[PDB]
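Undergrad: Below is the file input_0.cif, with mmCIF, C-alpha atoms and all ligand atoms.
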```
data_run
#
loop_
_atom_site.label_atom_id
_atom_site.label_comp_id
_atom_site.auth_asym_id
_atom_site.auth_seq_id
_atom_site.Cartn_x
_atom_site.Cartn_y
_atom_site.Cartn_z
CA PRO A 671 -75.19 -83.40 6.02
CA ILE A 672 -77.23 -84.62 3.03
CA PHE A 673 -75.12 -87.73 2.43
CA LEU A 674 -75.31 -88.75 6.10
CA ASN A 675 -79.07 -88.20 6.06
CA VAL A 676 -79.40 -90.78 3.31
CA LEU A 677 -77.25 -93.52 4.91
CA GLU A 678 -79.09 -93.04 8.20
CA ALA A 679 -82.45 -93.07 6.41
CA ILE A 680 -81.83 -96.23 4.33
CA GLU A 681 -80.10 -98.31 7.03
CA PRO A 682 -81.88 -101.73 7.25
CA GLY A 683 -84.06 -102.61 10.22
CA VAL A 684 -83.90 -105.65 12.51
CA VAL A 685 -83.91 -108.99 10.69
CA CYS A 686 -84.68 -112.30 12.43
CA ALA A 687 -83.23 -115.70 11.61
CA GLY A 688 -86.29 -117.76 12.47
CA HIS A 689 -84.24 -119.99 14.76
CA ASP A 690 -85.90 -122.39 17.23
CA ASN A 691 -84.10 -121.64 20.49
CA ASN A 692 -86.26 -123.94 22.62
CA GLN A 693 -84.58 -126.72 20.66
CA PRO A 694 -81.17 -128.18 21.62
CA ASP A 695 -78.27 -126.76 19.62
CA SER A 696 -76.89 -128.81 16.73
CA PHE A 697 -74.59 -128.14 13.78
CA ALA A 698 -77.32 -128.72 11.20
CA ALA A 699 -79.84 -126.38 12.89
CA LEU A 700 -77.42 -123.53 13.65
CA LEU A 701 -75.87 -123.42 10.18
CA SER A 702 -79.26 -123.86 8.56
CA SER A 703 -80.48 -120.87 10.61
CA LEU A 704 -77.44 -118.75 9.74
CA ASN A 705 -78.05 -119.56 6.07
CA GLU A 706 -81.71 -118.61 6.23
CA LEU A 707 -80.58 -115.41 7.91
CA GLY A 708 -78.29 -114.86 4.92
CA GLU A 709 -81.15 -115.27 2.46
CA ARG A 710 -83.30 -112.86 4.50
CA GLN A 711 -80.43 -110.37 4.94
CA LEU A 712 -79.46 -110.48 1.25
CA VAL A 713 -82.91 -109.14 0.41
CA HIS A 714 -82.43 -106.12 2.69
CA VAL A 715 -78.87 -105.54 1.49
CA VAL A 716 -80.04 -105.41 -2.13
CA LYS A 717 -82.78 -102.85 -1.35
CA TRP A 718 -80.25 -100.93 0.77
CA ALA A 719 -77.59 -100.81 -1.99
CA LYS A 720 -79.99 -99.74 -4.74
CA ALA A 721 -80.92 -96.76 -2.53
CA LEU A 722 -77.34 -95.56 -1.90
CA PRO A 723 -76.23 -92.22 -3.46
CA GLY A 724 -75.12 -92.69 -7.05
CA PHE A 725 -75.44 -96.49 -6.95
CA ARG A 726 -77.76 -96.36 -9.94
CA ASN A 727 -74.96 -94.82 -11.99
CA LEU A 728 -73.34 -98.25 -12.12
CA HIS A 729 -74.17 -100.48 -15.06
CA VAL A 730 -76.88 -102.98 -14.06
CA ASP A 731 -74.55 -105.95 -14.33
CA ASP A 732 -71.99 -104.21 -12.11
CA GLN A 733 -74.68 -103.36 -9.55
CA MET A 734 -75.53 -107.01 -9.10
CA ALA A 735 -71.84 -107.93 -9.18
CA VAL A 736 -70.61 -105.69 -6.35
CA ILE A 737 -73.49 -106.90 -4.19
CA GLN A 738 -72.87 -110.55 -5.06
CA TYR A 739 -69.18 -110.21 -4.16
CA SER A 740 -69.50 -107.97 -1.12
CA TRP A 741 -72.48 -109.31 0.83
CA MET A 742 -70.30 -111.39 3.16
CA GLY A 743 -68.15 -108.48 4.32
CA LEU A 744 -71.13 -106.14 4.47
CA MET A 745 -73.12 -108.55 6.64
CA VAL A 746 -70.18 -109.47 8.85
CA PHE A 747 -69.31 -105.82 9.42
CA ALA A 748 -72.88 -104.89 10.39
CA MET A 749 -73.09 -108.01 12.55
CA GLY A 750 -69.98 -106.91 14.42
CA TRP A 751 -71.59 -103.53 15.01
CA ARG A 752 -74.80 -105.04 16.45
CA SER A 753 -72.67 -107.26 18.69
CA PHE A 754 -70.82 -104.20 19.95
CA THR A 755 -73.90 -102.02 20.54
CA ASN A 756 -76.15 -104.76 21.90
CA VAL A 757 -73.79 -106.86 24.03
CA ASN A 758 -70.49 -104.95 23.94
CA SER A 759 -69.03 -107.77 21.83
CA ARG A 760 -69.76 -110.33 24.57
CA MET A 761 -71.33 -112.60 21.97
CA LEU A 762 -71.99 -112.57 18.23
CA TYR A 763 -75.41 -111.00 17.76
CA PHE A 764 -76.34 -112.36 14.32
CA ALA A 765 -80.04 -111.72 14.98
CA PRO A 766 -82.49 -111.29 17.92
CA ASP A 767 -83.24 -115.00 17.84
CA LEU A 768 -79.67 -116.00 16.99
CA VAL A 769 -77.08 -114.86 19.50
CA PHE A 770 -73.90 -116.93 19.58
CA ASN A 771 -72.25 -117.64 22.92
CA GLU A 772 -68.96 -119.61 23.22
CA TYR A 773 -70.89 -122.88 23.23
CA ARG A 774 -72.56 -122.09 19.88
CA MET A 775 -69.33 -120.68 18.46
CA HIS A 776 -67.88 -124.14 19.09
CA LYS A 777 -71.00 -126.08 18.07
CA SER A 778 -71.03 -124.21 14.73
CA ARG A 779 -67.69 -125.86 13.85
CA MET A 780 -66.46 -122.40 12.87
CA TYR A 781 -65.12 -121.26 16.24
CA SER A 782 -61.93 -119.74 14.82
CA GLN A 783 -63.96 -117.68 12.36
CA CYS A 784 -66.31 -116.57 15.15
CA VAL A 785 -63.33 -115.45 17.23
CA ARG A 786 -62.22 -113.46 14.21
CA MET A 787 -65.64 -111.80 14.04
CA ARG A 788 -65.82 -111.06 17.76
CA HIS A 789 -62.39 -109.42 17.54
CA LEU A 790 -63.73 -107.15 14.79
CA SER A 791 -66.67 -106.29 17.05
CA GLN A 792 -64.20 -105.41 19.79
CA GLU A 793 -62.45 -102.93 17.49
CA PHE A 794 -65.63 -100.82 17.32
CA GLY A 795 -65.19 -100.22 21.02
CA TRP A 796 -61.39 -99.92 21.09
CA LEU A 797 -61.45 -97.29 18.33
CA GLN A 798 -64.59 -95.63 19.71
CA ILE A 799 -66.27 -95.88 16.29
CA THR A 800 -69.23 -93.52 15.79
CA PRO A 801 -72.59 -94.63 14.31
CA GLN A 802 -71.91 -92.29 11.37
CA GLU A 803 -68.35 -93.52 10.74
CA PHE A 804 -69.83 -97.01 10.92
CA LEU A 805 -72.46 -96.09 8.32
CA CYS A 806 -69.89 -94.52 6.01
CA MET A 807 -67.45 -97.42 6.35
CA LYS A 808 -70.20 -99.94 5.60
CA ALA A 809 -71.28 -98.14 2.43
CA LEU A 810 -67.62 -98.15 1.39
CA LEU A 811 -67.48 -101.94 1.90
CA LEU A 812 -69.96 -102.51 -0.95
CA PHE A 813 -67.33 -101.04 -3.32
CA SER A 814 -64.32 -102.89 -1.92
CA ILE A 815 -64.13 -106.02 -4.08
CA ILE A 816 -64.03 -106.37 -7.86
CA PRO A 817 -62.94 -108.83 -10.56
CA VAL A 818 -59.27 -108.53 -11.42
CA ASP A 819 -60.46 -108.15 -15.06
CA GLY A 820 -62.43 -105.07 -14.05
CA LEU A 821 -66.14 -104.27 -14.25
CA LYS A 822 -68.44 -103.69 -17.25
CA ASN A 823 -68.11 -99.95 -16.63
CA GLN A 824 -65.14 -99.62 -14.26
CA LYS A 825 -65.08 -95.85 -14.78
CA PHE A 826 -68.38 -95.23 -12.94
CA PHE A 827 -67.43 -97.60 -10.12
CA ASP A 828 -64.10 -95.83 -9.66
CA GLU A 829 -65.86 -92.47 -9.47
CA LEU A 830 -68.35 -93.85 -6.96
CA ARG A 831 -65.65 -95.36 -4.71
CA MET A 832 -63.73 -92.10 -4.79
CA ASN A 833 -66.81 -90.22 -3.62
CA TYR A 834 -67.60 -92.56 -0.75
CA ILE A 835 -63.99 -92.31 0.41
CA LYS A 836 -64.31 -88.52 0.16
CA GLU A 837 -67.37 -88.71 2.42
CA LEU A 838 -65.48 -90.74 5.03
CA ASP A 839 -62.86 -87.99 5.18
CA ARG A 840 -65.64 -85.43 5.60
CA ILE A 841 -67.11 -87.36 8.52
CA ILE A 842 -63.65 -87.60 10.09
CA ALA A 843 -62.89 -83.93 9.35
CA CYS A 844 -66.12 -82.62 10.88
CA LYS A 845 -66.44 -82.23 14.66
CA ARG A 846 -62.63 -82.43 14.62
CA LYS A 847 -59.81 -79.86 14.62
CA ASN A 848 -56.30 -81.33 14.78
CA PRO A 849 -55.01 -82.16 11.26
CA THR A 850 -52.90 -84.89 12.88
CA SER A 851 -56.06 -86.46 14.30
CA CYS A 852 -57.78 -86.49 10.89
CA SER A 853 -54.92 -88.42 9.28
CA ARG A 854 -54.42 -90.78 12.21
CA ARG A 855 -58.15 -91.43 12.31
CA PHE A 856 -58.32 -92.10 8.57
CA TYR A 857 -55.36 -94.44 8.98
CA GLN A 858 -57.21 -96.43 11.65
CA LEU A 859 -60.52 -96.64 9.80
CA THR A 860 -58.87 -97.83 6.59
CA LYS A 861 -56.88 -100.35 8.64
CA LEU A 862 -60.17 -101.48 10.13
CA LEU A 863 -61.88 -101.70 6.74
CA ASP A 864 -59.04 -103.89 5.42
CA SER A 865 -59.33 -106.19 8.44
CA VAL A 866 -62.80 -107.14 7.20
CA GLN A 867 -61.56 -108.83 4.02
CA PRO A 868 -59.52 -111.68 5.58
CA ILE A 869 -62.51 -112.54 7.80
CA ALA A 870 -64.83 -112.50 4.76
CA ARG A 871 -62.32 -114.66 2.86
CA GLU A 872 -62.29 -117.24 5.67
CA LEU A 873 -66.08 -117.30 5.73
CA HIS A 874 -66.27 -117.67 1.92
CA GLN A 875 -64.01 -120.71 2.10
CA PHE A 876 -66.07 -122.18 4.95
CA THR A 877 -69.50 -121.68 3.38
CA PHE A 878 -68.18 -123.01 0.06
CA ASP A 879 -67.02 -126.26 1.62
CA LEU A 880 -70.28 -126.35 3.55
CA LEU A 881 -72.37 -126.08 0.37
CA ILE A 882 -70.36 -128.90 -1.19
CA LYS A 883 -70.89 -131.26 1.73
CA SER A 884 -74.21 -129.74 2.81
CA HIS A 885 -76.18 -132.84 1.80
CA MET A 886 -74.05 -134.98 4.13
CA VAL A 887 -74.12 -132.69 7.17
CA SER A 888 -77.84 -132.03 6.72
CA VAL A 889 -77.37 -128.28 6.32
CA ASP A 890 -79.86 -126.29 4.24
CA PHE A 891 -79.00 -123.50 1.81
CA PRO A 892 -81.82 -121.31 0.43
CA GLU A 893 -82.07 -120.63 -3.31
CA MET A 894 -80.09 -117.39 -3.60
CA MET A 895 -77.46 -118.58 -1.13
CA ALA A 896 -76.86 -121.81 -3.04
CA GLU A 897 -76.69 -119.96 -6.34
CA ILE A 898 -74.39 -117.16 -5.20
CA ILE A 899 -72.01 -119.40 -3.25
CA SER A 900 -71.64 -121.79 -6.18
CA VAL A 901 -71.35 -119.20 -8.95
CA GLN A 902 -69.91 -116.00 -7.42
CA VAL A 903 -67.92 -117.06 -4.35
CA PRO A 904 -65.75 -119.51 -6.34
CA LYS A 905 -64.63 -116.60 -8.53
CA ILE A 906 -63.26 -114.97 -5.39
CA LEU A 907 -61.66 -118.06 -3.92
CA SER A 908 -60.00 -118.72 -7.32
CA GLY A 909 -58.43 -115.26 -7.43
CA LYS A 910 -60.53 -113.91 -10.30
CA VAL A 911 -62.21 -111.45 -7.94
CA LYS A 912 -60.31 -109.80 -5.12
CA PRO A 913 -60.68 -107.18 -2.37
CA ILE A 914 -59.36 -103.65 -2.81
CA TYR A 915 -57.03 -102.93 0.12
CA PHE A 916 -56.05 -99.49 1.37
CA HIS A 917 -52.77 -100.72 2.82
CA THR A 918 -50.36 -103.29 1.40
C1 LIG A 1001 -73.51 -113.77 6.59
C2 LIG A 1001 -74.07 -114.50 7.87
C3 LIG A 1001 -75.54 -114.05 8.11
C4 LIG A 1001 -75.75 -112.55 8.36
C5 LIG A 1001 -74.80 -112.17 9.53
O1 LIG A 1001 -75.26 -111.61 10.49
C6 LIG A 1001 -73.35 -112.55 9.41
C7 LIG A 1001 -73.20 -114.08 9.17
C8 LIG A 1001 -71.71 -114.52 9.02
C9 LIG A 1001 -71.64 -116.04 8.81
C10 LIG A 1001 -72.43 -116.52 7.55
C11 LIG A 1001 -73.92 -116.06 7.68
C12 LIG A 1001 -74.71 -116.59 6.44
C13 LIG A 1001 -74.62 -118.09 6.16
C14 LIG A 1001 -73.15 -118.60 6.12
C15 LIG A 1001 -72.49 -118.11 4.76
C16 LIG A 1001 -72.85 -120.08 6.37
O2 LIG A 1001 -73.04 -120.91 5.23
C17 LIG A 1001 -71.36 -120.15 6.79
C18 LIG A 1001 -71.00 -118.71 7.21
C19 LIG A 1001 -72.39 -118.05 7.37
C1 LIG A 1002 -78.66 -106.53 -7.80
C2 LIG A 1002 -78.81 -107.94 -7.22
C3 LIG A 1002 -77.86 -108.59 -6.55
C4 LIG A 1002 -78.36 -109.78 -6.23
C5 LIG A 1002 -77.83 -110.87 -5.54
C6 LIG A 1002 -78.59 -112.01 -5.35
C7 LIG A 1002 -79.89 -112.07 -5.84
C8 LIG A 1002 -80.43 -110.98 -6.53
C9 LIG A 1002 -79.66 -109.84 -6.72
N1 LIG A 1002 -79.91 -108.68 -7.33
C1 LIG A 1003 -71.16 -90.06 -2.05
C2 LIG A 1003 -71.45 -89.34 -3.36
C3 LIG A 1003 -71.47 -88.01 -3.50
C4 LIG A 1003 -71.75 -87.76 -4.78
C5 LIG A 1003 -71.90 -86.58 -5.49
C6 LIG A 1003 -72.20 -86.62 -6.85
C7 LIG A 1003 -72.36 -87.84 -7.49
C8 LIG A 1003 -72.21 -89.03 -6.78
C9 LIG A 1003 -71.91 -88.99 -5.42
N1 LIG A 1003 -71.72 -89.94 -4.52
#
```
Please go through the file and, once you have read it, give me the structure as structure tokens.
Ligand SMILES: C[C@]12CCC(=O)C[C@@H]1CC[C@@H]1[C@@H]2CC[C@]2(C)[C@@H](O)CC[C@@H]12
Ligand SMILES: Cc1cc2ccccc2[nH]1
Ligand SMILES: Cc1cc2ccccc2[nH]1
TA:
Amino acid sequence: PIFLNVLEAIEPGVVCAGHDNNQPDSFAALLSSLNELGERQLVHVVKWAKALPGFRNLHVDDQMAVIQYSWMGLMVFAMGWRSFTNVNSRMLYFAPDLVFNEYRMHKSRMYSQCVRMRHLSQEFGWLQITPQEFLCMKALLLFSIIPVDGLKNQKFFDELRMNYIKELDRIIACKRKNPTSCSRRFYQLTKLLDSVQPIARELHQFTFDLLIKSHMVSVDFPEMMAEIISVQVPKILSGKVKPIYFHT
């Protein structure tokens, strides 16, 4: 399982948010911590992506593009997984020092979005998702959103996406027997993958509005976060860049 060896081998390690928990919760502090966590996580996601099989085939501008458009979903999907494995989806485990309970979900002023994310975490349990299926689905998420106008070199991207989908089928096919199970399983995983986009979309809208009024609510946005959310995210919210869905 060469391909699986790579995903397993390059999977990012634990990342902390640097949150002061001995300090009373507040909107400004929580969101500022989540943002810092984004900056820190982005760094790992970039190093992770550049190490994926065939990623370097993509044109350099397209490499940065898919990462800049997919980080939200990637991060949310991995966050859901940690929440499932660490606390069986009891809370949102953003980081070791940033675990969201119902109080924080509410205090973050993004309770509805958090509920959305916890529900995704629950799915990992309800579908009995394997660590390997998780890994393969996550890799596939990096290639699940592109500009309606296409990429610099769409042809390579298309080839790459086709291969990662082919790998997901392999994972499903192995350790299995019933051809009806393979198809059903693929149906469920693609359904799950699609369910990530609406959550990402809601978060994009939220962080965008947050960046705009950040100065008023006293929320901090690190360099890369401020740049990406003001330059790349708007392209998604305006319909110029959209998710690739399996199902209609
Ligand atoms: C991606 C992060 C940080 C990494 C993670 O574990 C998922 C989580 C989802 C909510 C995001 C947060 C980064 C900072 C954002 C974008 C805030 O501005 C509003 C929504 C937050
Ligand atoms: C490839 C790449 C993507 C990206 C996003 C934010 C900052 C730097 C980056 N390099
Ligand atoms: C996942 C993946 C398999 C593979 C084989 C050849 C070239 C690129 C590839 N990506």
Undergrad: Of the candidates A:755, A:858, A:733, A:727, which shows the shortest atom-to-atom distance to ligand LIG 1002 (chain A), using all atoms listed in the file?
TA: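 That would be A:733, the residue with the smallest distance to ligand LIG 1002 (chain A).
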Undergrad: Could you report the residues within 7 Å of ligand LIG 1003 (chain A), using only C-alpha atoms and all ligand atoms, as an NGL selection string?
TA: :A and (673 or 723-724 or 830 or 833-834 or 837)
Undergrad: Ligand LIG 1001 (chain A): which residues are within 7 Å, counting only C-alpha atoms and all ligand atoms, as a VMD selection string?
TA: chain A and resid 701 704 to 705 707 to 708 711 742 745 to 746 749 764 to 765 873 to 874 876 to 877 880
Undergrad: Grab the atom CA of residue A:768 to atom CA of residue A:810 distance for me, in Å with one decimal place.
TA: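 Between atom CA of residue A:768 and atom CA of residue A:810 the gap is 26.6 Å.
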Undergrad: What residues have any atom no more than 9 Å from ligand LIG 1002 (chain A) when counting all atoms listed in the file, and can you list them as an NGL selection string?
TA: :A and (709 or 712-713 or 715-717 or 719-720 or 730-739 or 741 or 894-895 or 897-898)
Undergrad: Grab the atom CA of residue A:861 to atom CA of residue A:916 distance for me, in Å with one decimal place.
TA: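 These two atoms are separated by 7.4 Å.
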Undergrad: Around all of stretch 691-700 of chain A's listed atoms, make the axis-aligned box with 8 Å on each side and tell me centre and edge lengths in Å to one decimal, as lines of an AutoDock Vina configuration file.
TA:
```
center_x = -80.4
center_y = -125.2
center_z = 16.9
size_x = 27.7
size_y = 23.2
size_z = 27.4
```
Undergrad: May I ask which of the residues A:757, A:869, A:899, A:821 is the closest one to residue A:784, counting all atoms listed in the file?
TA: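 For residue A:784, the nearest of the given residues is A:869.
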Undergrad: Skip stretch 908-912 of chain A itself and residues of its chain fewer than 4 positions away, then list as a PyMOL selection string all residues within 10 Å of it, counting only C-alpha atoms.
TA: chain A and resi 739+814-820+867+871+902-904
Undergrad: How far is it from atom CA of residue A:758 to atom CA of residue A:785, in Å with one decimal?
TA: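 Computing it gives 14.4 Å between the two atoms.
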Undergrad: Would you kindly identify which residues have an atom no farther than 12 Å from (-66.8, -93.8, 11.1), using only C-alpha atoms and the file's own coordinates, and write them out as an MDAnalysis selection string?
TA: chainID A and resid 674 751 793:795 797:810 834:835 837:844 852 855:860 862:863
Undergrad: Determine the nearest neighbour of residue A:710 from the options A:743, A:695, A:891, A:774, counting only C-alpha atoms.
TA: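 When distances to residue A:710 are compared using only C-alpha atoms, the smallest one comes from A:891.
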Undergrad: For each of A:907, A:687, A:700, A:790, take the minimum atom-to-atom distance to residue A:890, counting only C-alpha atoms, then give the residue where this is smallest.
TA: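 Comparing A:907, A:687, A:700, A:790 against residue A:890, the winner is A:700.
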Undergrad: Here is a test: counting all atoms listed in the file, which residue of A:706, A:767, A:829, A:864 is nearest to residue A:684?
TA: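 Ranking A:706, A:767, A:829, A:864 by distance to residue A:684, first place goes to A:767.
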